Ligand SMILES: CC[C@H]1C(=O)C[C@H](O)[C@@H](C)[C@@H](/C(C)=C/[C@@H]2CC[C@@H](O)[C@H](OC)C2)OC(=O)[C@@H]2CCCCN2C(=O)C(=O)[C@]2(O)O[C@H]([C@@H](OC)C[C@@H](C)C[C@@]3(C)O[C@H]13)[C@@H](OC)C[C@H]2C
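The chain below stands alone and is given as structure tokens, in the form solved without the ligand.
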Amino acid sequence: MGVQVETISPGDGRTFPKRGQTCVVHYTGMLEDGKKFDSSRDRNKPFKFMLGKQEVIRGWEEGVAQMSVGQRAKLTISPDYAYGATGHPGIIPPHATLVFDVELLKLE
């Protein structure tokens, strides 16, 4: 499968990221069992990435573009849209489905 987006709290429902914009987000990343492997909130610094430059996993590129500014959403990402068969040594196992709690703070 691809990426599923499940809403947690609504945004403005009007402003969606376009290609080339910088997305400023807080996020928490968890394995399918619920173990957290990454979180911007723990570092007290939002994460920025430019949509369309493939600086993040495909699931983020397609999932976050579906969010409006101010929305918090749950992205469930299958391995093909994520770290795939390889995974990431000692962080993400092979063939892992990931769950991201993501809040789109603003666009730049």
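Residue indices: 1-based, along the sequence shown.
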Do the C-alpha atoms of 33-41 or of 53-61 have the higher average B factor in the entry?
-> 33-41
Could you check which stretch, 69-77 or 42-50, carries the larger mean CA temperature factor in the entry?
-> 42-50
Against its chain's modelled residues, does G13's Cα B factor rank lowest, middle or highest third?
-> middle
In terms of the CA temperature factor given in the entry, to which third of its chain does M1 belong: lowest, middle or highest?
-> highest
Within this chain, which third does the Cα B-factor at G84 fall in: lowest, middle or highest?
-> lowest
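Below: the form solved in complex with the ligand, not depicted.
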Hey, in the entry with it bound, does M67 get a heavy atom within 4.5 angstroms of the ligand?
-> no
Just to confirm, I92 within 4.5 Å of the ligand in the entry with it bound by heavy atoms?
-> yes
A82: touches the ligand in the entry with it bound, heavy atom cutoff 4.5 angstroms = yes
Quick one: does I57 come within 4.5 Å of the ligand in the entry with it bound, counting heavy atoms only?
-> yes
Partner contacts for 25-58, taking the ligand in the entry with it bound and a 4.5 Å heavy atom cut-off | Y27, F37, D38, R43, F47, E55, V56, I57
